[PDB]
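Data block below; observations after.
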Amino acid sequence: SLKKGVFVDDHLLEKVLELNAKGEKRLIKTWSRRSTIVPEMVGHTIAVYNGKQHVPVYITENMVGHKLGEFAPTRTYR
Amino acid sequence: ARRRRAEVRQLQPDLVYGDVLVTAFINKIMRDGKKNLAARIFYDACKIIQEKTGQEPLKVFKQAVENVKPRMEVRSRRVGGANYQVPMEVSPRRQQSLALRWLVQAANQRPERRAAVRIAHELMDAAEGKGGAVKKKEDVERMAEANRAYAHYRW
Amino acid sequence: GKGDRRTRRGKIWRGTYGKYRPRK
Amino acid sequence: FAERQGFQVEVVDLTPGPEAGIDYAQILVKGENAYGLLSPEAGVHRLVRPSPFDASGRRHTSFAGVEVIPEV
Amino acid sequence: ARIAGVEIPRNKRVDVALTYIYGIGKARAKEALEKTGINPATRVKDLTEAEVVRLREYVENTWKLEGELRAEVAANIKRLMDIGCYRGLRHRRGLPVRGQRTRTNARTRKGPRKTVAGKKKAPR
RNA sequence: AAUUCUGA
RNA sequence: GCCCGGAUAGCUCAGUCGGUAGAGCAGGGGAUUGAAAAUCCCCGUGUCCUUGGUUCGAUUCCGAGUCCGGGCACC
RNA sequence: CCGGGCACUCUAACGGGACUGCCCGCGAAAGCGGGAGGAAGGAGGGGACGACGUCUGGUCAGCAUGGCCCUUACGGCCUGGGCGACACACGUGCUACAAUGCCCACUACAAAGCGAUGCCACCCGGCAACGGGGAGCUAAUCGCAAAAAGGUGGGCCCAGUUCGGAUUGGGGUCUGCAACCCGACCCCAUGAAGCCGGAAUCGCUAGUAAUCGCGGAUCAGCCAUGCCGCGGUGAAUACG
Ligand SMILES: [Mg+2]
């Protein structure tokens, strides 16, 4: 578990940041399952890569500290 | 043990009583080779003797261990499709081993939560001819004699 | 027992140090 | 094969026997255009491999028949 | 003495009795004991009303334990049952969620064995 | 007092 | 309706020819086979359905009540 | 700990000694029994070494190499998923069902190996994991390091419990660009089944079995309870 930082990948902010100014569309593909969803992101859906394809996962309040990988299953029929 | 007739390991004389047998009895109470936490219990029992009978735990041994020695037990054999479990004499050497063993097991049965208490008490009832170890003695002796039908099978 | 992570032997068998086994 | 393409299985009959293998196996597989897919696999399929039911492990050959008939 | 909730332990030391409370263990035990001058080697069998109500202070006032922790712990799990994160599932399915060997040993969070099998080894 | 092992 | 007998161990039955209660099979522990039994030792369990009177009192000796078991008729 | 000293302890190098040589019993001898002397006997206890050969055993995935097959992909690179997947089933192991016990406080005895972008003395903060500073060490000279059971004295008092620690909730530290899958530790709260285990079945004849702890390898860290070594206490039985 991290202790000093939020190890959130470069392209994450760089991308999202402009998307926050006036609240842009939504479709944001990705490959950074190893990051975190800091607040202010609410509403904006992300196409997380479960290893096979992009899952249109919506974002809401409650889910904050959680990561991107904890929202894109990697196996089927559990 | 097909070549040599094996060897009767030597018992180091006691370090309080000086008995090559007062040790053979502790050895059976020794779990995991902890002879210190074993002999302690035993010596704590000898104090339950001197604290419940002026009798010095010495004759309470040469008596409780002698009233348990089975004269003859049953050792099965098979001549060929013969489920005959023949009865026969016991080696003076064996006798002791069978005794001490039944003594510990029996001790480890009583409802006394401590320990030395159990050993002490079982030693009293066995010297006083009425301990669980003797219950196994008669039980064994019943099987014996009752089958003297197989006396011509003293291998 | 040798698996009780909150005792003496708990750490002995484990090989670590904690609130239940301070550094001498 | 009929579980990968998506078709559905019905084991109408399967029966063991003495030592090891299978005596008779009759199955019903559905799905659109199924008979046309398992019609060519109608014959006797030969196998050649080291015999596991032998002590020396000799190389042996085995034969088994596959029949196909639609549900009309 | 009805201490917390409905729990009246007696004939034992007033240090292990608190353990028999959902939300109190060895720690918080030899904790409310030091912070209240109550010798642990005593018994519920004999203790002044003061020691009781005082105990009820540094206990039923400090951390709001059974019922309400219980209510919250379930509420969190309930939260994990919002959109369904990975921890959310495996909990929805009643399985362990701490990266563990499920191919074998797991009867704890697996609802007993249902030997429901049938593989074979030797027909005709 | 206790059966069987095909065919490179 | 008459003549007779009997429940006591889960089952079947003996029994101071009045006090002192018992067997076989069941069952349990052990012993236990290559595998179950056959061998093999050890124990709890009650008013003798049972209603009493003499006897010091009764599982057994009288009446007798409830039922059970076996026979003899008539209709 | 000082100077001072090789008599011990030890460290490593070269030798002695045991050979059935000496007595007695048996036998033709070989050889066996017992006795002594000796620290040690009849191969003293361990290694290392494992024949002609068997198993068309296993290993083309450690390497090599015959032969076949593809060569803008059956090759090369990359983020990420997977090898960790669970209604089930078998094997080896770990922790247990406890009083010859667990928890708590204090104090002692080993051996074998291992440490420079490496092991860390000692202070300060944090209950702690852990973080600052900084000395010593190329190491029979400093450290890893406390060995543990035990000795010792204080409370539990037989209840699934102060036993047993699975599971789950909350909070953190550390490597690592990065711990959802999928890491190891820290604290609090959770305390499930298990009361010695049907049929069957494993190892060991002595410092062995059992029990208790320490080290190394790989490695940033680690799922290591695995493996290879080291040492503390230390049994029962063998008629046949
Ligand atoms: Mg046949």
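Just so we're on the same page: first chain in the structure tokens is A, next is B, and so on; residues restart at 1 for each chain, and ligands are numbered from 1 in the order they show up.
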Do you know which residues are within 9 Å of ligand 1 using only C-alpha atoms (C1' of nucleotides) and all ligand atoms? Can you write them as a PDB file with N, CA, C and O atoms (P, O5', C5', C4', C3', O3' and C1' of nucleotides), in the first residue's frame?
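Contents of the output file selection16.pdb:
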```pdb
ATOM      1  N   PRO D  18     -17.298 -53.574 -18.569  1.00  0.00           N
ATOM      2  CA  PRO D  18     -16.321 -54.327 -17.771  1.00  0.00           C
ATOM      3  C   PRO D  18     -15.090 -53.541 -17.328  1.00  0.00           C
ATOM      4  O   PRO D  18     -15.130 -52.878 -16.288  1.00  0.00           O
TER       5      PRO D  18
ATOM      6  P     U F   3      -8.011 -67.163  -7.526  1.00  0.00           P
ATOM      7  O5'   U F   3      -8.690 -66.772  -8.919  1.00  0.00           O
ATOM      8  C5'   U F   3      -9.669 -67.605  -9.531  1.00  0.00           C
ATOM      9  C4'   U F   3     -10.452 -66.868 -10.595  1.00  0.00           C
ATOM     10  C3'   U F   3      -9.621 -66.126 -11.640  1.00  0.00           C
ATOM     11  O3'   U F   3      -9.214 -66.959 -12.712  1.00  0.00           O
ATOM     12  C1'   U F   3     -11.264 -64.673 -10.771  1.00  0.00           C
ATOM     13  P     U F   4      -7.852 -66.654 -13.513  1.00  0.00           P
ATOM     14  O5'   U F   4      -8.118 -65.262 -14.252  1.00  0.00           O
ATOM     15  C5'   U F   4      -8.945 -65.185 -15.409  1.00  0.00           C
ATOM     16  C4'   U F   4      -9.183 -63.755 -15.837  1.00  0.00           C
ATOM     17  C3'   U F   4      -8.028 -63.039 -16.527  1.00  0.00           C
ATOM     18  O3'   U F   4      -8.013 -63.306 -17.918  1.00  0.00           O
ATOM     19  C1'   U F   4      -9.021 -61.626 -14.883  1.00  0.00           C
TER      20        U F   4
END
```
### Task
Could you pull out the residues in chain B that DSSP calls strand (DSSP E or B) from the backbone, as a PyMOL selection string?
chain B and resi 72-74+87-89
Write the residues you've just listed into a file as a PDB file, in the first residue's frame, and include N, CA, C and O atoms for each of them.
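File written: again.pdb
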```pdb
ATOM      1  N   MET B  72       1.048 -64.150  32.880  1.00  0.00           N
ATOM      2  CA  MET B  72       0.921 -64.699  31.536  1.00  0.00           C
ATOM      3  C   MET B  72      -0.117 -63.907  30.756  1.00  0.00           C
ATOM      4  O   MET B  72      -1.171 -63.559  31.296  1.00  0.00           O
ATOM      5  N   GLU B  73       0.189 -63.613  29.490  1.00  0.00           N
ATOM      6  CA  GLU B  73      -0.746 -62.885  28.639  1.00  0.00           C
ATOM      7  C   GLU B  73      -0.969 -63.713  27.381  1.00  0.00           C
ATOM      8  O   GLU B  73      -0.563 -64.877  27.328  1.00  0.00           O
ATOM      9  N   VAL B  74      -1.589 -63.134  26.360  1.00  0.00           N
ATOM     10  CA  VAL B  74      -1.889 -63.850  25.127  1.00  0.00           C
ATOM     11  C   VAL B  74      -1.100 -63.248  23.973  1.00  0.00           C
ATOM     12  O   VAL B  74      -1.095 -62.028  23.775  1.00  0.00           O
ATOM     13  N   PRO B  87      -2.052 -68.465  24.868  1.00  0.00           N
ATOM     14  CA  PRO B  87      -1.633 -67.766  26.087  1.00  0.00           C
ATOM     15  C   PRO B  87      -0.277 -68.296  26.536  1.00  0.00           C
ATOM     16  O   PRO B  87       0.009 -69.476  26.303  1.00  0.00           O
ATOM     17  N   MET B  88       0.568 -67.483  27.164  1.00  0.00           N
ATOM     18  CA  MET B  88       1.856 -68.022  27.591  1.00  0.00           C
ATOM     19  C   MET B  88       2.534 -67.056  28.550  1.00  0.00           C
ATOM     20  O   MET B  88       2.151 -65.889  28.673  1.00  0.00           O
ATOM     21  N   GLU B  89       3.538 -67.589  29.245  1.00  0.00           N
ATOM     22  CA  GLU B  89       4.337 -66.886  30.241  1.00  0.00           C
ATOM     23  C   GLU B  89       4.865 -65.542  29.749  1.00  0.00           C
ATOM     24  O   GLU B  89       4.862 -65.268  28.545  1.00  0.00           O
TER      25      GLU B  89
END
```
### Task
Fewer than 4 positions away in the same chain doesn't count, so skip those; otherwise give me all residues within 12 Å of residue 33 in chain G, counting only C-alpha atoms (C1' of nucleotides), as a VMD selection string.
(chain B and resid 78 81 to 84) or (chain G and resid 37 to 39)
Find the nearest atom pair between each residue of chain E and chain H for residues within 7 Å, count only C-alpha atoms (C1' of nucleotides), give distances in Å to one decimal, sort rows by chain and ascending number, and present the table as a tab-separated table.
```
residue	atom	partner	partner_atom	distance
E:16	CA	H:162	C1'	6.9
E:23	CA	H:189	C1'	5.4
E:24	CA	H:189	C1'	6.8
E:73	CA	H:169	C1'	5.5
E:86	CA	H:180	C1'	6.8
E:99	CA	H:182	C1'	6.3
E:101	CA	H:84	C1'	6.9
E:102	CA	H:86	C1'	6.2
E:103	CA	H:86	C1'	5.5
E:108	CA	H:167	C1'	6.7
E:109	CA	H:167	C1'	6.9
E:114	CA	H:87	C1'	6.6
E:115	CA	H:88	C1'	5.3
E:116	CA	H:88	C1'	6.0
E:117	CA	H:88	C1'	5.3
```
### Task
Find the residues in chain B near chain G: any atom within 8 Å counts, using only C-alpha atoms (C1' of nucleotides). Write them as a count of residues only.
4
### Query
Leaving out range 32-47 of chain A and any residue of its chain fewer than 3 positions from it, which residues lie within 10 Å of it when counting only C-alpha atoms (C1' of nucleotides), given as a ChimeraX atom specification?
/A:6-13,16-17,19-20,23-29,50-51,53-72 /H:79-80,178-180
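Between CA of residue 31 in chain D and CA of residue 69 in chain D there is a distance of 14.8 Å.
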Report as JSON lines the residues of chain C within 12 Å of chain E, each with its shortest atom pair and distance in Å (one decimal), using only C-alpha atoms, ordered by chain and increasing residue number.
```
{"residue": "C:6", "atom": "CA", "partner": "E:26", "partner_atom": "CA", "distance": 10.3}
{"residue": "C:7", "atom": "CA", "partner": "E:26", "partner_atom": "CA", "distance": 11.6}
{"residue": "C:19", "atom": "CA", "partner": "E:27", "partner_atom": "CA", "distance": 11.4}
{"residue": "C:20", "atom": "CA", "partner": "E:27", "partner_atom": "CA", "distance": 11.4}
```
Create the file for the chosen residues now, containing C-alpha atoms and written as a compact mmCIF listing (two decimals), in the first residue's frame.
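Printed below is part07.txt as written:
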```
# COMPACT_ATOMS: atom_id res chain seq x y z
CA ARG C 6 -0.34 -11.67 18.94
CA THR C 7 1.97 -13.50 21.39
CA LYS C 19 3.93 -4.71 19.86
CA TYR C 20 3.82 -8.28 21.25
```
### Task
Find the residues around range 50-66 of chain G up to 9 Å (only C-alpha atoms (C1' of nucleotides) counted), leave out those fewer than 2 positions away in its own chain, and share them as a PyMOL selection string.
chain G and resi 8+15-16+18-19+21+47-48
How would the residues just chosen look if you wrote them out with N, CA and C atoms (P, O5', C5', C4', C3', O3' and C1' of nucleotides) as a PDB file, in the first residue's frame?
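So result31.pdb came out as:
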```
ATOM      1  P     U G   8     -42.182 -59.652  31.116  1.00  0.00           P
ATOM      2  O5'   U G   8     -41.903 -59.586  32.681  1.00  0.00           O
ATOM      3  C5'   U G   8     -41.933 -58.357  33.391  1.00  0.00           C
ATOM      4  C4'   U G   8     -40.730 -58.258  34.282  1.00  0.00           C
ATOM      5  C3'   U G   8     -39.443 -58.746  33.641  1.00  0.00           C
ATOM      6  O3'   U G   8     -38.837 -57.764  32.832  1.00  0.00           O
ATOM      7  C1'   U G   8     -39.685 -59.740  35.762  1.00  0.00           C
ATOM      8  P     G G  15     -38.024 -73.414  38.516  1.00  0.00           P
ATOM      9  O5'   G G  15     -37.450 -72.342  39.544  1.00  0.00           O
ATOM     10  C5'   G G  15     -36.135 -72.448  40.073  1.00  0.00           C
ATOM     11  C4'   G G  15     -35.845 -71.288  40.988  1.00  0.00           C
ATOM     12  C3'   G G  15     -36.864 -71.056  42.098  1.00  0.00           C
ATOM     13  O3'   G G  15     -36.611 -71.834  43.257  1.00  0.00           O
ATOM     14  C1'   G G  15     -36.511 -69.040  40.938  1.00  0.00           C
ATOM     15  P     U G  16     -37.562 -71.714  44.553  1.00  0.00           P
ATOM     16  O5'   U G  16     -36.752 -70.763  45.550  1.00  0.00           O
ATOM     17  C5'   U G  16     -37.246 -70.416  46.844  1.00  0.00           C
ATOM     18  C4'   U G  16     -36.129 -69.874  47.711  1.00  0.00           C
ATOM     19  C3'   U G  16     -35.299 -70.886  48.470  1.00  0.00           C
ATOM     20  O3'   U G  16     -34.487 -71.719  47.664  1.00  0.00           O
ATOM     21  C1'   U G  16     -35.700 -69.049  49.862  1.00  0.00           C
ATOM     22  P     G G  18     -41.134 -72.431  50.845  1.00  0.00           P
ATOM     23  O5'   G G  18     -40.843 -70.895  51.185  1.00  0.00           O
ATOM     24  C5'   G G  18     -40.661 -69.937  50.142  1.00  0.00           C
ATOM     25  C4'   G G  18     -40.829 -68.496  50.595  1.00  0.00           C
ATOM     26  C3'   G G  18     -39.543 -67.717  50.856  1.00  0.00           C
ATOM     27  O3'   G G  18     -39.787 -66.356  50.492  1.00  0.00           O
ATOM     28  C1'   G G  18     -40.880 -67.655  52.783  1.00  0.00           C
ATOM     29  P     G G  19     -38.599 -65.420  49.924  1.00  0.00           P
ATOM     30  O5'   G G  19     -37.948 -64.733  51.198  1.00  0.00           O
ATOM     31  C5'   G G  19     -36.574 -64.305  51.170  1.00  0.00           C
ATOM     32  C4'   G G  19     -36.266 -63.186  52.135  1.00  0.00           C
ATOM     33  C3'   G G  19     -34.843 -62.722  52.092  1.00  0.00           C
ATOM     34  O3'   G G  19     -34.741 -61.346  52.548  1.00  0.00           O
ATOM     35  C1'   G G  19     -35.218 -63.636  54.241  1.00  0.00           C
ATOM     36  P     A G  21     -29.807 -59.748  47.437  1.00  0.00           P
ATOM     37  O5'   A G  21     -30.951 -60.499  46.619  1.00  0.00           O
ATOM     38  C5'   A G  21     -31.135 -60.241  45.237  1.00  0.00           C
ATOM     39  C4'   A G  21     -31.496 -61.485  44.466  1.00  0.00           C
ATOM     40  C3'   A G  21     -30.879 -61.605  43.076  1.00  0.00           C
ATOM     41  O3'   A G  21     -29.614 -62.245  43.125  1.00  0.00           O
ATOM     42  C1'   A G  21     -33.229 -61.968  42.959  1.00  0.00           C
ATOM     43  P     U G  47     -40.140 -51.392  38.151  1.00  0.00           P
ATOM     44  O5'   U G  47     -40.265 -52.374  39.399  1.00  0.00           O
ATOM     45  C5'   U G  47     -40.782 -51.941  40.653  1.00  0.00           C
ATOM     46  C4'   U G  47     -40.568 -52.996  41.705  1.00  0.00           C
ATOM     47  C3'   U G  47     -41.090 -54.386  41.331  1.00  0.00           C
ATOM     48  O3'   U G  47     -40.182 -55.390  41.774  1.00  0.00           O
ATOM     49  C1'   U G  47     -42.106 -53.659  43.343  1.00  0.00           C
ATOM     50  P     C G  48     -39.809 -56.623  40.809  1.00  0.00           P
ATOM     51  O5'   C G  48     -40.843 -56.530  39.589  1.00  0.00           O
ATOM     52  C5'   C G  48     -42.156 -57.086  39.682  1.00  0.00           C
ATOM     53  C4'   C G  48     -42.457 -58.052  38.563  1.00  0.00           C
ATOM     54  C3'   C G  48     -43.635 -59.006  38.809  1.00  0.00           C
ATOM     55  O3'   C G  48     -44.244 -59.291  37.548  1.00  0.00           O
ATOM     56  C1'   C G  48     -41.675 -60.254  38.482  1.00  0.00           C
TER      57        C G  48
END
```
### Task
Pull out every residue of chain H that has at least one atom within 12 Å of chain D, counting only C-alpha atoms (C1' of nucleotides), and report them as a PyMOL selection string.
chain H and resi 55-57
Taking N, CA and C atoms (P, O5', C5', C4', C3', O3' and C1' of nucleotides) for each residue, export the selection above as a PDB file, in the first residue's frame.
```pdb
ATOM      1  P     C H  55      14.789 -53.268 -20.865  1.00  0.00           P
ATOM      2  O5'   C H  55      13.746 -52.329 -20.111  1.00  0.00           O
ATOM      3  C5'   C H  55      12.603 -52.877 -19.470  1.00  0.00           C
ATOM      4  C4'   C H  55      12.101 -51.964 -18.382  1.00  0.00           C
ATOM      5  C3'   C H  55      11.661 -50.579 -18.833  1.00  0.00           C
ATOM      6  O3'   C H  55      10.323 -50.569 -19.300  1.00  0.00           O
ATOM      7  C1'   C H  55      13.048 -50.411 -16.909  1.00  0.00           C
ATOM      8  P     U H  56       9.986 -50.793 -20.855  1.00  0.00           P
ATOM      9  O5'   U H  56      11.227 -50.150 -21.619  1.00  0.00           O
ATOM     10  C5'   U H  56      11.384 -50.309 -23.025  1.00  0.00           C
ATOM     11  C4'   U H  56      12.227 -49.200 -23.608  1.00  0.00           C
ATOM     12  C3'   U H  56      11.521 -47.861 -23.773  1.00  0.00           C
ATOM     13  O3'   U H  56      12.442 -46.799 -23.546  1.00  0.00           O
ATOM     14  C1'   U H  56      12.304 -48.590 -25.870  1.00  0.00           C
ATOM     15  P     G H  57      12.011 -45.589 -22.593  1.00  0.00           P
ATOM     16  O5'   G H  57      11.616 -46.316 -21.232  1.00  0.00           O
ATOM     17  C5'   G H  57      10.254 -46.505 -20.864  1.00  0.00           C
ATOM     18  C4'   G H  57       9.940 -45.776 -19.589  1.00  0.00           C
ATOM     19  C3'   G H  57      10.124 -44.263 -19.672  1.00  0.00           C
ATOM     20  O3'   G H  57       8.916 -43.625 -20.064  1.00  0.00           O
ATOM     21  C1'   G H  57      11.322 -45.134 -17.802  1.00  0.00           C
TER      22        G H  57
END
```
### Query
Can you list, as a ChimeraX atom specification, every residue of range 32-67 of chain D that DSSP puts in alpha helix (DSSP H)?
/D:35-38
Distance query residue 124 in chain E at most 12 Å, only C-alpha atoms (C1' of nucleotides), self and fewer than 3 positions along chain excluded, as a PDB file with N, CA, C and O atoms, in the first residue's frame:
```pdb
ATOM      1  N   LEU D  14     -25.518 -43.442 -22.388  1.00  0.00           N
ATOM      2  CA  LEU D  14     -24.102 -43.644 -22.132  1.00  0.00           C
ATOM      3  C   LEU D  14     -24.068 -44.820 -21.178  1.00  0.00           C
ATOM      4  O   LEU D  14     -24.846 -44.864 -20.220  1.00  0.00           O
ATOM      5  N   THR D  15     -23.176 -45.771 -21.426  1.00  0.00           N
ATOM      6  CA  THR D  15     -23.221 -46.922 -20.574  1.00  0.00           C
ATOM      7  C   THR D  15     -21.807 -47.458 -20.443  1.00  0.00           C
ATOM      8  O   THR D  15     -21.108 -47.619 -21.458  1.00  0.00           O
ATOM      9  N   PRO D  16     -21.361 -47.702 -19.225  1.00  0.00           N
ATOM     10  CA  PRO D  16     -20.017 -48.241 -19.017  1.00  0.00           C
ATOM     11  C   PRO D  16     -19.865 -49.691 -19.442  1.00  0.00           C
ATOM     12  O   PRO D  16     -20.316 -50.072 -20.524  1.00  0.00           O
ATOM     13  N   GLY D  17     -19.204 -50.503 -18.621  1.00  0.00           N
ATOM     14  CA  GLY D  17     -18.998 -51.892 -18.943  1.00  0.00           C
ATOM     15  C   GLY D  17     -17.980 -52.556 -18.039  1.00  0.00           C
ATOM     16  O   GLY D  17     -17.803 -52.184 -16.876  1.00  0.00           O
ATOM     17  N   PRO D  18     -17.298 -53.574 -18.569  1.00  0.00           N
ATOM     18  CA  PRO D  18     -16.321 -54.327 -17.771  1.00  0.00           C
ATOM     19  C   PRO D  18     -15.090 -53.541 -17.328  1.00  0.00           C
ATOM     20  O   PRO D  18     -15.130 -52.878 -16.288  1.00  0.00           O
ATOM     21  N   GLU D  19     -13.996 -53.590 -18.092  1.00  0.00           N
ATOM     22  CA  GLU D  19     -12.737 -53.008 -17.616  1.00  0.00           C
ATOM     23  C   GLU D  19     -12.706 -51.486 -17.735  1.00  0.00           C
ATOM     24  O   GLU D  19     -12.864 -50.780 -16.737  1.00  0.00           O
ATOM     25  N   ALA D  20     -12.534 -50.961 -18.949  1.00  0.00           N
ATOM     26  CA  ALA D  20     -12.340 -49.524 -19.106  1.00  0.00           C
ATOM     27  C   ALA D  20     -12.648 -49.083 -20.529  1.00  0.00           C
ATOM     28  O   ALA D  20     -12.216 -49.726 -21.488  1.00  0.00           O
ATOM     29  N   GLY D  21     -13.368 -47.968 -20.656  1.00  0.00           N
ATOM     30  CA  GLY D  21     -13.692 -47.421 -21.962  1.00  0.00           C
ATOM     31  C   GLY D  21     -15.086 -46.846 -22.128  1.00  0.00           C
ATOM     32  O   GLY D  21     -15.354 -45.753 -21.623  1.00  0.00           O
ATOM     33  N   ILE D  22     -15.957 -47.533 -22.874  1.00  0.00           N
ATOM     34  CA  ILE D  22     -17.377 -47.197 -23.006  1.00  0.00           C
ATOM     35  C   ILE D  22     -18.041 -48.180 -23.967  1.00  0.00           C
ATOM     36  O   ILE D  22     -17.461 -48.554 -24.992  1.00  0.00           O
ATOM     37  N   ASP D  23     -19.250 -48.627 -23.624  1.00  0.00           N
ATOM     38  CA  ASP D  23     -19.968 -49.628 -24.406  1.00  0.00           C
ATOM     39  C   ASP D  23     -20.799 -49.017 -25.523  1.00  0.00           C
ATOM     40  O   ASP D  23     -20.733 -49.460 -26.675  1.00  0.00           O
ATOM     41  N   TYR D  24     -21.586 -48.006 -25.189  1.00  0.00           N
ATOM     42  CA  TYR D  24     -22.508 -47.396 -26.124  1.00  0.00           C
ATOM     43  C   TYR D  24     -22.744 -45.969 -25.669  1.00  0.00           C
ATOM     44  O   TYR D  24     -22.950 -45.715 -24.479  1.00  0.00           O
ATOM     45  N   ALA D  25     -22.713 -45.048 -26.623  1.00  0.00           N
ATOM     46  CA  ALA D  25     -22.890 -43.633 -26.344  1.00  0.00           C
ATOM     47  C   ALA D  25     -23.793 -43.063 -27.421  1.00  0.00           C
ATOM     48  O   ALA D  25     -23.432 -43.065 -28.603  1.00  0.00           O
TER      49      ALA D  25
ATOM     50  N   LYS E 120     -15.245 -40.137 -14.485  1.00  0.00           N
ATOM     51  CA  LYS E 120     -15.118 -41.590 -14.483  1.00  0.00           C
ATOM     52  C   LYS E 120     -13.683 -42.006 -14.765  1.00  0.00           C
ATOM     53  O   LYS E 120     -12.839 -41.207 -15.174  1.00  0.00           O
ATOM     54  N   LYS E 121     -13.433 -43.304 -14.596  1.00  0.00           N
ATOM     55  CA  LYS E 121     -12.110 -43.870 -14.831  1.00  0.00           C
ATOM     56  C   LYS E 121     -12.090 -45.214 -15.535  1.00  0.00           C
ATOM     57  O   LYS E 121     -10.997 -45.638 -15.923  1.00  0.00           O
TER      58      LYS E 121
END
```
### Query
So which residues touch residue 8 in chain F within 12 Å, counting only C-alpha atoms (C1' of nucleotides), skipping near sequence neighbours fewer than 3 positions away, as an MDAnalysis selection string?
chainID D and resid 48:51 56:61
#### Entry: Residues of chain E within 10 Å of chain A, only C-alpha atoms counted, as a VMD selection string
chain E and resid 79 to 80 82 to 90 93 95
### Message
What does the structure give for the distance between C1' of residue 207 in chain H and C1' of residue 237 in chain H, in Å to one decimal?
### Response
16.9 Å
Where does chain H meet chain B within 8 Å, residue by residue, with the nearest atom pair and distance in Å to one decimal for each, counting only C-alpha atoms (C1' of nucleotides), listed by chain and rising number, as JSON lines?
```
{"residue": "H:99", "atom": "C1'", "partner": "B:114", "partner_atom": "CA", "distance": 6.3}
{"residue": "H:100", "atom": "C1'", "partner": "B:38", "partner_atom": "CA", "distance": 6.6}
{"residue": "H:158", "atom": "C1'", "partner": "B:113", "partner_atom": "CA", "distance": 8.0}
{"residue": "H:210", "atom": "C1'", "partner": "B:32", "partner_atom": "CA", "distance": 5.1}
{"residue": "H:211", "atom": "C1'", "partner": "B:32", "partner_atom": "CA", "distance": 4.4}
{"residue": "H:233", "atom": "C1'", "partner": "B:33", "partner_atom": "CA", "distance": 5.6}
{"residue": "H:234", "atom": "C1'", "partner": "B:33", "partner_atom": "CA", "distance": 4.2}
{"residue": "H:235", "atom": "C1'", "partner": "B:27", "partner_atom": "CA", "distance": 6.3}
{"residue": "H:236", "atom": "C1'", "partner": "B:28", "partner_atom": "CA", "distance": 7.7}
{"residue": "H:238", "atom": "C1'", "partner": "B:1", "partner_atom": "CA", "distance": 6.0}
{"residue": "H:239", "atom": "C1'", "partner": "B:91", "partner_atom": "CA", "distance": 7.8}
```
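The smallest atom-to-atom distance between chain F and any of B:13, B:57, B:18, B:80, using only C-alpha atoms (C1' of nucleotides), is found for B:80.
CA of residue 144 in chain B sits 27.4 Å away from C1' of residue 26 in chain G.
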